[PDB]
Amino acid sequence: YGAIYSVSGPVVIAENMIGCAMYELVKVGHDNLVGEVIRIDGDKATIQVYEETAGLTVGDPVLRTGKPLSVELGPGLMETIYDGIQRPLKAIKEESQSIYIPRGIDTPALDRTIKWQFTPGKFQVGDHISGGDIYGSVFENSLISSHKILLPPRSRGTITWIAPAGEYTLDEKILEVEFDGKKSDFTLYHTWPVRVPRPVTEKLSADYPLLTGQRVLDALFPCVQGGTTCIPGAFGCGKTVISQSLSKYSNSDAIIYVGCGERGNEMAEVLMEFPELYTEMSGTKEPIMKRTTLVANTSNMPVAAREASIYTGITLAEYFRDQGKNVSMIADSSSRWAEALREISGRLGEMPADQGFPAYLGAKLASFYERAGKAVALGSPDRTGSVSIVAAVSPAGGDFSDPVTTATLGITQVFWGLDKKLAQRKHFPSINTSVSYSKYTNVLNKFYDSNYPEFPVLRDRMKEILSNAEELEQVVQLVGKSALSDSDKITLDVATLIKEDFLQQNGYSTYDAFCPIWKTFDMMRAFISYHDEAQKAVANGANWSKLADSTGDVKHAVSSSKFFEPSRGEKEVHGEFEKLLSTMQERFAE
Amino acid sequence: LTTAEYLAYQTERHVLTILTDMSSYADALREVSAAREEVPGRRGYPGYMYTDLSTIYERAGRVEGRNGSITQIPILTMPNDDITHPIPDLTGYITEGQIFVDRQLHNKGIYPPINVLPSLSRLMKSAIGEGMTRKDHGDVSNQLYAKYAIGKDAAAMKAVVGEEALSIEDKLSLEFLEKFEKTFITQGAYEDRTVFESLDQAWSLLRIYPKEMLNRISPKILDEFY
Amino acid sequence: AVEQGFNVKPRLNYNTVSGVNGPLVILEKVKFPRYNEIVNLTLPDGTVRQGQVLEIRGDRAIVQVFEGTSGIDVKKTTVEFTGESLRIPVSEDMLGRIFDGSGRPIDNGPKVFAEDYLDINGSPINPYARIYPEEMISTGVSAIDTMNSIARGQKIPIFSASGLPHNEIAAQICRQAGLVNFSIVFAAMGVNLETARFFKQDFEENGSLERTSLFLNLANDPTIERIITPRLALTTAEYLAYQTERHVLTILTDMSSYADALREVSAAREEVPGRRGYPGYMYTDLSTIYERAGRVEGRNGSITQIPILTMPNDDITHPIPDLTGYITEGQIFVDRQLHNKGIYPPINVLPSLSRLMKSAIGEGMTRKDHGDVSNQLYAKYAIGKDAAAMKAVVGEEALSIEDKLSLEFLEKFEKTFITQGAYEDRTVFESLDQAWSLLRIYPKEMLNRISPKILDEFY
Amino acid sequence: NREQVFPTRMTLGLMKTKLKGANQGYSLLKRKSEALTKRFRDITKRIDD
């Protein structure tokens, strides 16, 4: 129970804070403002307040809560909207009955006024239960049919008593664990430190791909379930379309959209649109809100909350993975998270390393991106969850040159780079083919050989075509393109066709909102077969100009392959693509 | 801004805030930050300039209960016409959108000298088109942006290398860029062009091209408006 | 001679913790603090966290505890002073084991039964006791082993970008590399956990672990452990090569990550950032890590290094590539242009060179045509790139015969010679035979960089 | 005797790319001029004949 000694912005120095611990939440002031102790010197513990520090006076009591920044994990967070800390914005608005967020608001993170249906698990009284084991299930939504209650990790012992099936709230007792004679009461929820990753038995290698939906991302630079992606922040429509595309069609059992430093009305857009979206994964259309938990942190919110939002989202995703679900946590403006870290370091007085950013920026980003990956969740039954981290980096200088971008590329597996040239052409998604990459091609070769055997060779062929035509286009812009071989002319024409029909797609269009993996494979088949057949014809001796004049119809057909509807089903569409390249082969005989 | 918040939320008015010389505000912040002998940040501007600018800018918008808004338009001055400067960079980070006034355009004599390549609006895609203003607004604005970028690239190529080396599309785009800066962007004060009139003029600019190469126009709108 | 090991030195348990600053844990009333001393911090929760001291003062030591300071309490945090710097328990049985950043074996196996406890920093090698490298250590990579062959004891780094398969190339080199004894030492700094699992599973599956002492440091692993990891690998290499008389070929990975760890450690103190944020003594640190290798006089063992950088913005002007080129003795460049064409390994041989190639590629070593074949391949590959640029300018037909044949050579070279299967083991002789097969499209009169005798005998 | 470029790391990279492209174009165009001049010498010899 120390007292405030110094206040200067969010950083509050509290005296008499002896026996405190680093990164421990302490209630600063008379309003009980949440603050994490980030520096200790003797009996003075420097605290960063997570709320508005204006009005704090010297001598205000500071209460030590004894626990780190803990997120309340359990049923009831599957649909709600949260601040940086797990502050329920909807519950705050309902309780306060105002458009403002009161200072020091103590609304519980998970509401205790809802009765949750509970069905006890396979464990019974007397059995030995270890950390992370399942001892029940809660019917949260239609989408989340079973919110399986996990015994908190690092908590173990023998079940002294287990509750029967019935509607129980979070405050009510669910199960009791004896351990070394000290009975512990476990409820429907539990808290976990956001800094500390949630344990798993083993982190498996991510194999099954995460279908972002965008054609270029799905084909050329594929991501897998449990892999970091580093999408471009805002300039390109890759992020804006990709977030909703993943939330709608990624097959992720849960989504945790994390917006740190998101613009005010840009966050209002998400909060007002995501309820409107629906999915067809189940028999009937169901809202995405039943599958998504947003961590909404506008730029107005304090810098400490901006830094903590990423941890809150990643630990919610870790909880849903420990349940055995495949999650795709989307971090919005990881660049703004890094800027928040830089601001906090400046407040603390730490020596910046690179362009004001703290030297531990790489370490923090690595400890964040390393929470991703397919993992066998601990405790029986054996279950295999996954957390995909689709994080966004803003174009600080218009190019991938910021220290945050450098660290993210150093520690990431997939990176979809922004092309300023393609964005200025309003070519969407504006993903730069040259700088982008995906280190999951080798591991995804297994899935490709299992399902679509020709996918890797086709994407390699398209990459080769794009690179060759990029070099040839540099030479064209240099020397006027007066003289070009027939093969080179076909290369440039095919690359332009690809960049206009395959790579480019309208996210808001009905046909190209979500291009499936089979549709993308069929389109690669069409485009690569067109290029190869044109090259073969030119090698035979045909004139390219006359051949293009004769095959404009075939080129229009392979362009309308994008316009082919995906809702017709894989069986019908592939039959159409089978007939598309069947007549394409014969049309080149003339 | 608290006057605007009052007038727009409690008196239910529609307030348009025109905070001018936010660069001067940031210079004042740097002066206070420098006197406090604290960890600078970039170019001496305080490390918490992002937080201060967000506290200022993020006081704009609409609230659910109260019909009334703050259409904040904070005028800003780049010290040397550089976006990469901390004040314009953080203002772009927090404030949504940006209207870029171009020294090159002003020297050429255009008014307003707004450069539409850096100029952006995040809320345009949702506040424009689909019966709100007209069916073709978003596609027309995408076509204009794409062809203006093509024109700038073609002008750079024609300056660096021979003019004849530019393609037919590049020459058409140079003509479009001339007719775009000189006729479309060029707007006398007090003219008050309606959005529909501006769209018609933009189409007249887009009728320079044959229908084939208006690639970013949706084919239905291209057929219905060409 | 190691009877001095049979000694028990009690350790002081300090409950006096003056304060905590970021990663640091400042102590007070320390009896006799030794600089760079390993310290075992015991949390109030009971967890034991290792630490190192970065600053020393009269009755004060600033411990930089590993794994952060989350949970350090002034009132209850026991701190135990191990009266020595960090030391690794070396042994000839360290081969076949996988170690963490701090030397703890992360493989499910016994602690290494130490033959000695060597300091991780080591000592500088006497230049009077250093020998110029003579023979080549054969690498399965045909591009490297033919155009940029590596001598026994040089330091030739691999300059790669963020997404290029430098890790895959490193795994291939570790799996296939050998003499034309051998004991590879692998150090991965700041690799993603997926990459570390790939390394471990690859080595166990392909049996390359029999001679590999793999040191894995994850990206989420402590930055001080990342600093310690290359010192651990080079201490193991020094031990094996010099006190065992075997050739090593250390393969360090992500020296860019190592430099980031250096940045984090330097800014943990009050050091002002240098040119690009990295400390001004990065030259010294990289020089120590690199020049830990090399041949020696009395010992029949060598250490080779493959630092494998990660160029941040695909530029050489960056301090990490600049200093690495200054200390090291060659360059191997991984190219995004080659990578985007599906060519593995995506190594371009134009910027890549080995300054000590003439020693490694000889007559007693390799085969006697190696140097001339490599020079001819480089010249014709440069001519092929020039002709590829020239074709789109002056038409295919107007190219000379020496340009059309050179285009054909370039296509065959990139798609068959450089393009090597990830698990295809190409000995130096097989790679040279493939190189001759590529060169044979030229009539003997055109191959001018090859000596007349070798041309008449091998063609 | 220079270009009015705002000093920035991105602008530095853009100008390095411009310099590399200009050097490549200069070499390519010098070689093209040499080839075209050889063709021109052949053309003028055929003109005399």
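Quick note: the coordinates plus some simple rules give every number you see, no bench work behind them. Neighbour counts are summed over all protein chains in view; Cβ atoms, including those assigned to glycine, are modelled from backbone coordinates with ideal geometry.
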_Among A:179-185, C:117-123, how do they line up by average Cβ neighbours within 10 Å per residue, starting with the highest?_
C:117-123, A:179-185
*Give the percent of DSSP beta bridges with both residues in chain A that are antiparallel, rounded to the nearest 5.*
75 percent
*Value of [θ]222 nm, deg cm²/dmol, for chain C, DSSP H segments ≥ 4, -39500 (n - 2.57) each, nearest 500*: -10000 deg cm²/dmol
*Given 25 °C and 0.890 mPa s, how large is the Stokes-Einstein diffusion coefficient of chain C in µm²/s, with Rh as the Kirkwood radius over Cα pairs?*
103 µm²/s
*Is the shape of the stretch A:114-186 rounded, prolate or oblate, going by the alpha carbon gyration tensor and its root eigenvalues a ≥ b ≥ c, with a/c under 1.5 for rounded and a/b larger than b/c for prolate?*
prolate
*asked:* Charges on Cβ only, +1 for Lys and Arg, -1 for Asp and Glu, centred on the Cα centroid of the stretch A:439-590; of A:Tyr452, A:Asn543, A:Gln477, which one is farthest towards the dipole's positive end?
replied: A:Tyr452
_Cross-link partners of C:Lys358 among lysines (Cα-Cα below 23 Å; sequence separation of 8 or more within a chain)_ = C:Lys155, C:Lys368, C:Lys380, C:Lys453
_Just to be sure I understand: of the beta bridges DSSP finds with both ends in the protein assembly as shown, what percent are antiparallel, rounded to 5?_
75 percent
*For residues of C:220-231, the mean tally of beta carbons on other chains within 10 Å*: 2
_From the phi angles alone, apply the Karplus equation (6.51, -1.76, 1.60; θ = phi - 60°) to the stretch A:368-376 and give each ³J(HN,Hα) in whole Hz, x where the residue is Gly or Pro._
7, 5, 7, 6, 6, x, 5, 8, 7
_Normalised contact order of the stretch C:348-459, rounded percent, pairs of Cα under 8 Å and 6 or more residues apart_ = 29 percent
_Inside 10 Å of the C-beta atoms of B:162-168, what's the mean count of C-beta atoms belonging to other chains?_
2
*Can you flag which of A:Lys420/D:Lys18; C:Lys391/D:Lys30; A:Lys420/A:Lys562 are past 18 Å Cα-Cα?*
A:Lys420/A:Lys562
*Taking square-rooted eigenvalues a ≥ b ≥ c of the alpha carbon gyration tensor, is the protein assembly as shown rounded, prolate or oblate, where a/c under 1.5 means rounded and, failing that, a/b exceeding b/c means prolate?*
oblate
*Going by the alpha-carbon gyration tensor, a ≥ b ≥ c the square roots of its eigenvalues, is chain A rounded (a/c under 1.5) or, if a/c is not under 1.5, prolate (a/b greater than b/c) versus oblate?*
prolate
*Return the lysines within reach of C:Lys111: Cα separation strictly under 19 angstrom, same-chain partners fewer than 8 residues apart disregarded; answer none if there are no such residues.*
C:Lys200
*Just going by the charge dipole of the protein assembly as shown, with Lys and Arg at +1 and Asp and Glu at -1 on Cβ, which of A:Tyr278, C:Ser85, A:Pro566 is farthest out on the positive end?*
C:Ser85
*asked:* Just want to confirm a number: the relative contact order over the stretch A:114-186, from Cα pairs under 8 angstrom separated by 6+ residues, in percent.
replied: 31 percent
_Under 5 Å between amide hydrogens, which residues at least 5 positions from C:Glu135 or on another chain qualify, with H placed 1.01 Å from N in the peptide plane?_
C:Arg152
*Let me see the pair-distance distribution of the stretch A:1-69: every alpha carbon pair, 10 Å bin width, integer percents in order.*
27, 64, 9
_Protection-proxy order for peptides C:190-197, C:444-451, each taking the mean of Cβ atoms within 10 Å per residue, highest first_ = C:190-197, C:444-451
*Order the peptides C:305-318, C:45-58, A:308-321 from the highest to the lowest mean number of other Cβ atoms within 10 Å of their residues.*
A:308-321, C:305-318, C:45-58
*Only Cα pairs under 8 Å and at least 6 apart count here; give the relative contact order of the stretch A:439-590 as a rounded whole percent.*
26 percent
*In this model, which of A:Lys93/A:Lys182; B:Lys182/B:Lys211; A:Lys122/A:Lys364 are farther than 29 Å apart at the alpha-carbon?*
A:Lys93/A:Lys182; A:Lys122/A:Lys364
*Provide the FRET efficiency to the nearest 0.05 for the A:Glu178-A:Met272 pair, computing r from the beta carbons and using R0 = 41 Å.*
0.25
_Rg(Cα) / (2.2 N^0.38 Å) computed for the stretch A:439-590, rounded to two decimals_ = 1.09
*What residue among A:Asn432, A:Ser146, C:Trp436 has its Cα farthest toward the positive end of the dipole of the protein assembly as shown, where the charges are +1 on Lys, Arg and -1 on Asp, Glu, each on the Cβ?*
C:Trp436
*asked:* Please list, by residue number, every one of the trypsin sites (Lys or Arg not before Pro) in the stretch C:301-394 that is coil in DSSP and has at most 15 other beta-carbon atoms within 10 Å.
replied: C:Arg355
*Counting DSSP beta bridges with both partners in chain C, what percentage is antiparallel, nearest 5?*
70 percent
*Which value, in debye to the nearest 20, describes the size of the charge dipole of the stretch A:114-186 about its Cα centre when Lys and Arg Cβ atoms bear +1, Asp and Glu Cβ atoms bear -1, and nothing else is charged?*
140 debye
